[PDB]
Visitor: 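A single structure is presented below for examination.
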Amino acid sequence: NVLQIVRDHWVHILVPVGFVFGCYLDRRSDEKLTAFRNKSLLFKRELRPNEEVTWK
Amino acid sequence: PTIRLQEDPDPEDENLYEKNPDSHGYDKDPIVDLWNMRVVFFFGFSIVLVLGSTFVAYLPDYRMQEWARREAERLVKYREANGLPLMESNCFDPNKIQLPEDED
Amino acid sequence: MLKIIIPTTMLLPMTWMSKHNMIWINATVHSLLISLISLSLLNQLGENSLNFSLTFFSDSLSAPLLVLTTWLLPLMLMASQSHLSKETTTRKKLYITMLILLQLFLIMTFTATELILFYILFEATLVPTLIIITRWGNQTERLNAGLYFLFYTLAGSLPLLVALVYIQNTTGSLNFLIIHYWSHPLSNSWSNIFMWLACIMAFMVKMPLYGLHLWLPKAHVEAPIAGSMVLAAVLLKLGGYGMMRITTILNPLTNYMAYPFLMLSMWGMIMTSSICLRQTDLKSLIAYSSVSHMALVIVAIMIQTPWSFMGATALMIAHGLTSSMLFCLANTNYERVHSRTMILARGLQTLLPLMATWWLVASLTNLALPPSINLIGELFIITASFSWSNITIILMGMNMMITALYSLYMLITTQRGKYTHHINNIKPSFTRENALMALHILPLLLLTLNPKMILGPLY
Amino acid sequence: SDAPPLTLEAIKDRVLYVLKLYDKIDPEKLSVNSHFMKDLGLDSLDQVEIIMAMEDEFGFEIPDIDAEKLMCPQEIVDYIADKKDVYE
Amino acid sequence: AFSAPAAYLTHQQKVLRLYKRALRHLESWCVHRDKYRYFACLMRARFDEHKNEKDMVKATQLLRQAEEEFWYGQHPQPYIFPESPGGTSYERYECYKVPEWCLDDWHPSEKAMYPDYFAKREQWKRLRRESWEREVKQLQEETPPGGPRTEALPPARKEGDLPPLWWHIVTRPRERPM
Amino acid sequence: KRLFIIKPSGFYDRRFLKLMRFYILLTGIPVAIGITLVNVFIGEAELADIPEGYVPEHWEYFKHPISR
Ligand SMILES: CCCCCCCCCCCCCCCCCC(=O)OC[C@H](COP(=O)([O-])OCC(O)COP(=O)([O-])OC[C@@H](COC(=O)CCCCCCCCCCCCCCCCC)OC(=O)CCCCCCCCCCCCCCCCC)OC(=O)CCCCCCCCCCCCCCCCC
Ligand SMILES: CCCCCCCCCCCCCCCCC[C@@H](O)O[C@H](CO[C@H](O)CCCCCCCCCCCCCCC)COP(=O)(O)OCC[N+](C)(C)C
Ligand SMILES: CCCCCCCCCCCCCCCCC[C@@H](O)O[C@H](CO[C@H](O)CCCCCCCCCCCCCCC)COP(=O)(O)OCC[N+](C)(C)C
Ligand SMILES: CCCCCCCCCCCC(=O)SCCNC(=O)CCNC(=O)[C@H](O)C(C)(C)COP(=O)(O)O
């Protein structure tokens, strides 16, 4: 019976999916501005024995 | 015809209470009306208002107000203990400022 | 910050793919969710802004405006579904599309890092507003209003564009951060004077400044209720935001270029407050109230002090909420009696008590009762003006009296006295209208509880 | 509580009481339907004085346009009853 | 307030009104009852001295001097009955007067209480509805062809008629509604 | 004696007030109870010095558990 329910209320996932897509695109934008990661004079720091990057 | 054009008459306004004594003012269909009221009240008052106010009230201190107060306490303690003035009229050391040679 | 922009562009096809009787519910629910999402931008720093990308950034001045816009969209949706019941499905979807496009343009305008992009979006906001006004307005004046709304804007904004590109051919960048860091003083020459005028006149006509305000009564009176809401609460704040942004490159010319505009702002604040005392139209009274408050905001921006900027930000937020509430309150009576004359429907407190309580709270907030944020902004601006010059306390004080008068005047005209005998079609207030009033008024006092969220970057 | 619910009989009694204290009317000759100019032989000034006495007795003012028309005690009682929403 | 006004006031009407105003203001001046009775008798004699003037011009001239004297010697703060248009309770209860048509918008739960009252209301509404066509026709018949010349309304004359335009006079809210 | 007092319909204002109170309380009583429970059983962090060689997480720089 879920066919009619889906074809009537499938418009309710467009906005949440857009929210997740926007979060993913914000992360993709963030990954292109790492030219000074762990390089500022105020926050320059030695890496921990395991971690690879100070922030993502 | 003594008239100017063929036109419909202006209709009287419809009262939503006639066909629905408890009508909530949202829609003529009682079920869609009731659910419009329910979603408005739940997502406006319950979700956004109260939870948003709770979220704003407990936002972490990114303005560094408490940190600034603690820093000021440290500096006041140090400068009062060692007798230095509490503040200086110069915010930059004159040794790194090079004034022009001639003023005449 | 695409996590806010994309859900609106998704509101678009969700509205266009909705079933014919479920458009309002879906739109309101998802707009409220988007407002809840945008609430996270209030977590600001103390030193710099939130630089999300090369294109968009958020600051302590733009975050409250974004929250107000995303909160205003659902309120417009609730306020619009009453008078659009007889419309066809396609035209209802078109109306919702105009509202969504306006919200998207405003969201992108308040966060643009670039001045030309800011100009493009701040000019793109005209098309949905103009279409709404000239298509869904009620009387035949609306067409003229649209023209008055259009050219008044464009004649102010087209010179700005020229100035903008000129600046980009001199400094090499119009990015706001670089502009702020690489700021240099403006000399005293005729070319610099005209560059100052070109940079200022667009935002001064969008405020609107006294003498340049003639478009505002037309636009706010012939527009539909959602159009009036968005015109008064958000679209007037574009001028204030733009002036606060652009003034970083105009010093020290402002030091003496503000005199004519300061004089106009103060005297026209007095003049418009006085005009409110003799107004037969209830919507025009609210429009002129907006003019007076925005004159105060102009003074605050023009005197260029931290307290003035704080008060100006608080005043813009408070005025947006209050004026939207007043317009909705007037629209309820209009929908009941189909007339805008203030002395037509009288003694409504007897017939609608809870509506009378809403009217009382709105009027008390309009006259800046302590400790409302309206008062906080007004008092900060007044203290800054007193520091600027002790004599201003005269004019400001005058305004403080006049406002109260006309404010209570409206209340005493509409709620007290005796009811009109021949008007018998005043039905009990719907739950929708009461919810609209409550959702307007509760955030005001909630922000009064935590006032540092709307005090801007100078806090 | 407040004043008792004034009745038609009480109003008529009070009006007749006030009229019977007037020196220019004979108490025996006075009736509820007696006319002021015709049966009692009074002029307009006496009618004005009677209206003022009624105003003093009941504590509310009767407009001149309405007071000009009341010519018998029954009319005065009726005007008072319609003014004060008395039906019993 | 109940009677239809005329195009003008007659000389006798003006004299009577001035007499009443003078008596009331003199009473406002003379607080005590015996003093008021003394000076009211004096005023009555003063009024009836010129009662028999056959010259209308001299009568209206005497009235002119009377009005001038009253305006000079009026009480600045005359006694006003509390519910009179200048009294301390003139419109005190107007905020409690609610029109009857509001009851037409009550929820059925509210109308569940007071069933007999609403039955009587239905009877009254039916009577008004039946009565309206006749009331209009009677007003049409009794009106002179050049429109009405006064604000007076005719009574009912037919077997079971009602006086035209009676609904809002009969259904006044109350003098002390709540 | 008792008479009928003519009033406007008080059903709808009362209904709206009841509904607003119901929804506000529906979402706010759990919030108040949770805040009280967190405050009682998970107190606020105590100020302390950073030990040598330790790099605290950012949320460790705040004192209230909900803020953290
Ligand atoms: C129906 C509404 C209709 C519509 C209207 C519009 C409504 C719109 C609403 C919109 C949404 C609003 C959301 C806003 C969110 C705000 C929440 C928040 O930030 O909480 C802050 C704050 C909590 O502070 P915190 O920072 O979280 O705690 C930090 C500490 O770590 C904690 O310290 P601690 O370690 O000591 O622990 C204390 C703990 C536990 O402490 C204790 O238990 C001890 C208490 C003392 C009692 C000791 C003796 C008594 C018992 C003795 C006998 C028994 C013991 C022995 C047994 C034997 C018997 C003898 O208690 C608490 O945590 C405080 C209670 C939490 C309340 C949170 C409020 C949430 C509101 C969100 C929902 C909004 C809707 C309302 C619904 C709410 C419910 C109706 O909440 C308060 O309000 C505190 C106020 C209390 C202070 C006292 C008042 C002083 C008055 C002075 C002024 C006088 C002038 C006159 C003014 C009078 C005015 C009162
Ligand atoms: C119907 C009848 C009503 C009358 C009866 C009501 C019964 C009582 C209810 C009324 C409550 C009285 C208020 C008393 C004050 C207590 C609340 C106060 O203490 O909370 C404040 C908190 O207030 C919040 O910060 C303000 C709420 C945020 C407002 C946002 C509104 C929601 C967004 C909706 C869209 C916005 C549109 C406008 C654009 C900006 C404290 O501020 P703060 O000093 O920090 O707290 C320090 C401790 N912390 C930090 C650990 C928490
Ligand atoms: C309806 C409301 C619309 C909004 C109104 C906007 C207000 C715009 C007004 C512009 C503010 C000032 C403009 C120019 C700045 C100074 C004005 C001038 O009077 O000052 C003297 C200028 O001297 C003389 O006045 C020369 C100017 C005379 C010619 C200007 C025409 C003024 C006529 C007014 C018409 C109304 C204009 C608005 C039309 C709508 C100063 O002497 P000077 O040192 O030498 O000039 C300084 C520049 N230097 C340093 C490069 C030399
Ligand atoms: C307190 C300070 C103010 C004092 C003001 C008072 C002082 C003024 C007193 C003197 C003024 C006069 O007498 S002015 C005298 C005016 N002259 C006439 O009226 C002659 C014609 N007579 C009539 O019109 C009627 O007989 C009529 C008399 C109306 C009787 O009415 P009735 O028989 O059909 O009831």
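Reminder, nothing fancy here: chain letters follow the sequence lines and each chain counts from 1. We use all heavy atoms of the structure for the numbers below, so side chains are in, but hydrogens, waters and symmetry mates are not.
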Visitor: Can you confirm whether C/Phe110 sits close enough to C/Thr69 that some side-chain heavy atom of one is under 4.5 Å from a side-chain heavy atom of the other?
Guide: yes
Visitor: What's the spacing between C/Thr313 OG1 and C/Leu65 CG if we round to 0.5 Å?
Guide: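 Nearest 0.5 Å value for the OG1-CG distance: 8.0 Å.
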Visitor: Scan side-chain atoms only and decide if C/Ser189 and C/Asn192 contain a donor-acceptor pair under the 3.5 Å cut-off.
Guide: yes
Visitor: Under a 3.5 Å cutoff, is there a donor and acceptor pairing between the side chains of C/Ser407 and C/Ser363?
Guide: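 Judged by distance alone, the side chains do not pair up.
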Visitor: Under 3.5 Å, is there a donor-acceptor pair between the C/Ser38 and C/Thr70 side chains?
Guide: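 Result is yes, a qualifying pair exists.
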Visitor: Can you give me the closest heavy-atom contact between C/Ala145 and C/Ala219, atom names plus distance?
Guide: CB-N, 4.2 Å
Visitor: How close do C/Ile454 and C/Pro64 get, heavy atom to heavy atom, and via which atoms?
Guide: CG2-CB, 4.3 Å
Visitor: So, taking the atom named OG1 in C/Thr322 and the one named NE2 in C/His319, what distance separates them when rounded to the nearest 0.5 Å?
Guide: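 C/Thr322 OG1 to C/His319 NE2: 8.0 Å, rounded to 0.5 Å.
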Visitor: C/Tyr334 versus C/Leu282: any side-chain heavy-atom pair under 4.5 Å?
Guide: no
Visitor: What I'd like to find out is whether the side chain of C/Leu77 reaches to under 4.5 Å of the side chain of C/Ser31, using heavy atoms alone.
Guide: yes
Visitor: If you count heavy atoms of other groups shown closer than 6.0 angstrom to CD of B/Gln65, is the number above 12?
Guide: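 No, CD of B/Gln65 has 12 or fewer neighbouring heavy atoms, counting only those of other groups under 6.0 Å.
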Visitor: Measuring from C/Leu174:CG to C/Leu164:CG, what's the distance to the nearest 0.5 Å?
Guide: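 Atom-to-atom, C/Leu174:CG and C/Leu164:CG are 6.0 Å apart.
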Visitor: Would you say C/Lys206's side chain and C/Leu238's backbone share a donor-acceptor pair under 3.5 angstrom?
Guide: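 No.
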Visitor: C/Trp388 and side chain to side chain contact (heavy atoms under 4.5 Å, CB included): which single residue from C/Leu262, C/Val299, C/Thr305 fits?
Guide: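 Option passing the side chain to side chain contact (heavy atoms under 4.5 Å, CB included) with C/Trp388: C/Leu262.
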Visitor: Which pair of non-hydrogen atoms, one from C/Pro208 and one from C/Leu236, has the smallest distance, and what is that distance?
Guide: CD-CD2, 4.1 Å
Visitor: Say whether, by atom type as modelled, one donor and one acceptor occur between the side chain of C/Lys283 and the main chain of C/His220 under 3.5 angstrom.
Guide: yes
Visitor: Below 30° counts as parallel, above 60° as perpendicular, anything between as tilted: where do the rings of C/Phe380 and C/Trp307 land?
Guide: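 The rings of C/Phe380 and C/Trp307 sit tilted, inter-plane angle from 30° to 60°.
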Visitor: Which atom pair, heavy atoms only, marks the closest approach of C/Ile381 to C/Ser308?
Guide: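 Smallest heavy-atom distance, with atoms named: CG1-O, 4.2 Å.
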Visitor: Taking C/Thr247 for the side chain and C/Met244 for the main chain, is one N or O donor matched with an acceptor at less than 3.5 Å?
Guide: yes
Visitor: Could you tell me whether the side chain of C/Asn374 reaches within less than 4.5 Å of the side chain of C/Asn366, counting heavy atoms only?
Guide: no
Visitor: Counting N and O atoms only, with roles assigned by atom type, does the side chain of C/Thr171 sit under 3.5 Å from a partner on the main chain of C/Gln168, one being a donor and the other an acceptor?
Guide: no
Visitor: Are side-chain heavy atoms of C/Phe118 and C/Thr113 found at a separation under 4.5 Å?
Guide: no
Visitor: Quick check for you: to the nearest 0.5 Å, what is the distance between C/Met437 atom CE and C/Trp359 atom CH2?
Guide: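 The distance works out to 8.5 Å.
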Visitor: In sequence, state the C-alpha distance, the side-chain angles, and the governing distance for C/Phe309 and C/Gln304, and then conclude on side-chain contact (heavy atoms from CB on, under 4.5 Å).
Guide: CA-CA 7 Å; C/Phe309 268 36; C/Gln304 216 93 207; 3.9 Å; yes
Visitor: Kindly indicate, with the supporting measurements, whether the criterion side-chain contact (heavy atoms from CB on, under 4.5 Å) is fulfilled by C/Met195 and C/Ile167.
Guide: CA-CA 9 Å; C/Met195 190 222 108; C/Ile167 288 155; 4.1 Å; yes
Visitor: If only atom types and distance count, is the side chain of C/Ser324 paired as donor or acceptor with the main-chain N or O of C/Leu321 below 3.5 Å?
Guide: no
Visitor: With no hydrogens and no angle check, just 3.5 Å: does a side-chain donor-acceptor pair link C/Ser157 and C/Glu123?
Guide: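 A donor-acceptor contact under 3.5 Å links the two side chains.
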Visitor: Run the numbers on C/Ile382 and C/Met400 for side-chain contact (heavy atoms from CB on, under 4.5 Å), then give the verdict.
Guide: CA-CA 10 Å; C/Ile382 284 166; C/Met400 260 151 61; 3.6 Å; yes
Visitor: Distance check, rounded to the nearest 0.5 Å: C/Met204 atom CE versus C/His213 atom NE2?
Guide: 15.0 Å
Visitor: For B/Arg63 and C/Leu45, which heavy atoms make the closest approach, and how far apart are they?
Guide: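 So the two residues come closest at CD-O, 3.4 Å.
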Visitor: Does C/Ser49 use its side chain to pair, donor to acceptor, with the backbone of C/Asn51 at less than 3.5 Å?
Guide: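 No: the side chain of C/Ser49 does not pair with the backbone of C/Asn51.
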Visitor: Can C/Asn399 and C/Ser273 be counted as having a side-chain donor-acceptor contact under 3.5 angstrom?
Guide: yes
Visitor: Under a 3.5 Å distance rule, please check whether C/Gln139 uses its side chain to pair with a backbone N or O of C/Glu141 as donor and acceptor.
Guide: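 No, the answer is negative, given that no donor and acceptor are paired below the 3.5 Å cut-off.
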Visitor: With no hydrogens and no angle check, is any side-chain donor or acceptor of C/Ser387 less than 3.5 Å from a backbone partner on C/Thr383?
Guide: no
Visitor: Looking at C/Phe176, I'd like to know if the NZ or CZ of C/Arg245 sits under 6.0 Å from its six-membered ring centre while staying within 45 degrees of the ring's axis.
Guide: yes
Visitor: Are C/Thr134 and C/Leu147 side-chain neighbours, meaning at least one heavy-atom pair lies under 4.5 Å?
Guide: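 No, side chains not in contact.
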Visitor: Just verifying a value: how many Å separate C/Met108 CE and C/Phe56 CZ, rounded to the nearest 0.5 Å?
Guide: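 Between atom CE of C/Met108 and atom CZ of C/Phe56 there are 4.5 Å.
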Visitor: Taking the side chain as everything from C-beta on, heavy atoms only, tell me whether C/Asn434 gets closer than 4.5 Å to C/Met355.
Guide: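 In contact.
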Visitor: Would one find more than 12 heavy atoms of other residues, nucleotides or ligands at under 6.0 Å from atom OH of C/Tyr241?
Guide: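 Atom OH in C/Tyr241 is crowded, with more than 12 foreign heavy atoms closer than 6.0 Å.
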Visitor: How about C/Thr414 and C/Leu329: do any of their side-chain heavy atoms sit closer than 4.5 Å?
Guide: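 They are not in side-chain contact.
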Visitor: Dump the intermediate steps for side-chain contact (heavy atoms from CB on, under 4.5 Å) on C/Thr111 and C/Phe52, then the final yes or no.
Guide: CA-CA 10 Å; C/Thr111 56; C/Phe52 301 118; 6.0 Å; no
Visitor: Quick one: which of C/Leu102, C/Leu11, C/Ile96 gives a side chain to side chain contact (heavy atoms under 4.5 Å, CB included) with C/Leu73?
Guide: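 The option that passes is C/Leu11.
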Visitor: Relative to each other, are the rings of C/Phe122 and C/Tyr119 parallel, tilted or perpendicular (30° and 60° limits)?
Guide: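 It falls in the tilted class, 30° to 60°.
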Visitor: I need the minimum non-hydrogen distance between C/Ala233 and C/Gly320, along with the two atoms involved.
Guide: CB-O, 3.4 Å
Visitor: Strictly distance-based, threshold 3.5 Å: is any side-chain N or O of C/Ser284 a donor or acceptor partner for the main-chain N or O of C/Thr280?
Guide: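 Checking the backbone N and O of C/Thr280 against the side chain of C/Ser284, no donor-acceptor pair under 3.5 Å is found.
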Visitor: Taking C/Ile225's backbone N and O only, do any of them form a donor-acceptor pair with C/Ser228's side chain (distance below 3.5 Å, no angle check)?
Guide: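 No; zero donor-acceptor contacts below 3.5 Å.
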